[PDB]
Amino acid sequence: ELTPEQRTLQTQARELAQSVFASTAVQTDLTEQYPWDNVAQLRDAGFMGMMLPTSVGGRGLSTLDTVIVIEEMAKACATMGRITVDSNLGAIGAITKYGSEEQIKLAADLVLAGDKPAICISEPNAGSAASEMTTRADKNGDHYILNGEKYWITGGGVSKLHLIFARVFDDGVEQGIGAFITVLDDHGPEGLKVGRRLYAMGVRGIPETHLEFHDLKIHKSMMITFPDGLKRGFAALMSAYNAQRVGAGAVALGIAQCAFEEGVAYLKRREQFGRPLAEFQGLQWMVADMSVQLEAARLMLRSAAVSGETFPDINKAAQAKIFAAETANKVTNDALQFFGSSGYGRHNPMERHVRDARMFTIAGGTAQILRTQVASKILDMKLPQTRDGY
């Protein structure tokens, strides 16, 4: 259960979400435009960069704290939910833990001022097999020259801070995969080019784009550097996604919780056969089932949030994300069902919840990849996926 302090934080997040964000969710989905007005208020209320240390102007809060807040934001608007995830977990967490003092201040100043960082890993031919990426960074003096292409970049065209993963070469000699920090300004940098938008089924208020690097010049001071090498550093950087996974799970949970509350209210108001739909036992049991799965999902995510060291344990986070994301797909569809034909109408928000929830078994590591991860832990086995793995 939550501490008094956590309850206060939850209430503050709920108040902003309900009083400001909830009434914007339809228009944000309709226009597919980044809600700058909401982001400013998310910032002003202290909900961006929450886990940044107080030494750089952060609140020094926990993963659990952010998950509590994320769920409240997502209940109002899926876009605001994901904005809250990206401005608190993931790239910013990786920079916070492995970044130089300089890199941390840069990233913190941007996030605390309202930037939602973009992480740039995935490519058209490199998804679940991320290490197959072709984006490369070639050494040139005290700089690295980046060439390549990413896609489905959440925040493409609106994010300023970018964390880019690239295969690193020193004078033609492959060093491994490294991460590079760059800042998209109204002016530069030269060679960081936003590409075409990938219009999506849901969470449409955040642009997802291709992203290209044409001789993008990055100083070595903006490469995340590791003493024991890049190959070990890249795995260390990946551990940041364990936190982002729990946050993403909390967005799916928030969407589902919203749909559930709306469906339950509708069952009590809507009448057929002379009585509220709530009086029909078949629907009552559907409500019960949604409630049970939602509670389990919340427990899985909050439990995962406090596991591990700096980041959630990889297997607890994987278990919770599988569960939350599948829960959200079932709950949003069944809540839509409570509305009947009105649920199929775009003038009601139920079909949007289904569209919004659907990405969470996919993005950031698919439910399938997560199942393999969980199995590798239970079976205490490496589970190589290549033809010659065994």
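Quick note: we count residues from 1 along the sequence shown, nothing fancier.
Colleague: Which has higher Cα B-factors on average according to the PDB entry: 93 to 101 or 233 to 241?
Modeller: Mean C-alpha B-factor is greater for 233 to 241.
Colleague: Would you tell me which stretch averages the higher CA B-factor in the PDB entry, 5 to 13 or 365 to 373?
Modeller: In the deposited entry, the stretch with the higher C-alpha B-factor mean is 5 to 13.
Colleague: Which listed residue, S341, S55, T332, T66, has the largest C-alpha temperature factor in the record?
Modeller: Of the options given, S55 has the highest CA B-factor in the PDB entry.
Colleague: Check the PDB entry and point out which of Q319, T84, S131, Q281 has the largest C-alpha temperature factor.
Modeller: Highest C-alpha B-factor among the listed options: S131.
Colleague: Against its chain's modelled residues, does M286's Cα B factor rank lowest, middle or highest third?
Modeller: CA B-factor rank for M286: lowest third.
Colleague: What third of the chain, by the recorded C-alpha B-factor, contains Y151?
Modeller: For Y151, the deposited C-alpha B-factor lands in the middle third.
Colleague: Quick check for you: using the entry's CA B-factors within this chain, is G247 in the lowest, middle or highest third?
Modeller: Answer is lowest: the recorded C-alpha B-factor places it there.
Colleague: Per the entry's values, where does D115 land by CA temperature factor relative to the rest of its chain, in the lowest, middle or highest third?
Modeller: For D115, the deposited C-alpha B-factor lands in the middle third.
Colleague: Going by the entry, which third of its chain does the Cα temperature factor of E262 land in?
Modeller: Tercile = lowest for this residue's CA B-factor.
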